[PDB]
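First comes one chain, alone, set out as structure tokens in the form deposited without the ligand.
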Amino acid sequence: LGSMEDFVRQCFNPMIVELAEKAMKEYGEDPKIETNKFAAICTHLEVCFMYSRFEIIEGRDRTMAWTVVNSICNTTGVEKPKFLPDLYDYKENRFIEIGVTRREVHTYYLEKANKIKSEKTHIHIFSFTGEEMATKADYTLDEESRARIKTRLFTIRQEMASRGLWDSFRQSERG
């Protein structure tokens, strides 16, 4: 059993880890104590990056994120989201909430759907198993692109496994 906090710093990009530490501390969470979510924040940030034609909302400091979002909402005619999205697609002209889950994707998809009370915001969930689920079966990215995200997730998993971190990481996902 290795250290998740060690794993994370020598696994993800220094930029992803840096943005995830802010995201955590911004909510009185300490990345050194809650290492499992620390790793979940990095993996999700990383997927938002591989995914993005796109405007990255996630990772930005709250004030900047809402500034970017609002400016978007009135250059276009899109309704203001309530919760900040992760991305904005001006191709399909909609926001995107992205999720990486260790649980059943359909369950996670609904929790997100019920939270954002969406009308137009798109939802796309990825898991560590390869199963995915996107709004109206509209998967946005072509196959190869989505295949890369799934690869990076598997890679993250097994590197977590060799260090004995997977077992704890995989079953500590809360709603």
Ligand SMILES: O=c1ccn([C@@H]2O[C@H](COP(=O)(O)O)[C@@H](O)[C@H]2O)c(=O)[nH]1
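The first residue of the shown sequence is 1; numbering continues from there.
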Quick check on the record: how many residues from the deposited sequence are absent from the model between residue 52 and residue 53 (none, 1 to 3, 4 to 9, 10 or more)? 10 or more
Tell me which stretch has the larger mean Cα B-factor in this entry, 20-28 or 153-161. 20-28
39-47 versus 56-64: which one carries the higher mean Cα B factor per the record? 56-64
For residue 127, the third of its chain by CA B-factor is the middle
Lowest, middle or highest third - CA B-factor, residue 82: highest
Using the temperature factors of the C-alpha atoms in this entry, rank residue 97 within its chain: lowest, middle or highest third. lowest
Ordered by C-alpha B-factor within the chain, which third holds residue 112? Give me lowest, middle or highest, please. lowest
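The discussion below concerns the form deposited with the ligand bound, not included here.
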At 4.5 Å between heavy atoms, is residue 51 in contact with the ligand in the deposited complex? no
With the partner left out here, check for me: in the deposited complex, does some heavy atom of residue 115 sit within 4.5 Å of the ligand? yes
Taking heavy atoms only, is residue 65 within 4.5 angstroms of the ligand in the deposited complex? no
At 4.5 Å between heavy atoms, is residue 156 in contact with the ligand in the deposited complex? no
Thinking of the ligand in the deposited complex, which stretch from 66-74, 35-43, 141-149, 128-136 has heavy atoms inside 4.5 Å of it? 35-43
Picking from 23, 165, 11, 17, the single residue whose non-hydrogen atoms come within 4.5 angstroms of the ligand in the deposited complex is 23
Taking the ligand in the deposited complex, which residues of 46-76 have any heavy atom within 4.5 Å of it? 58, 59
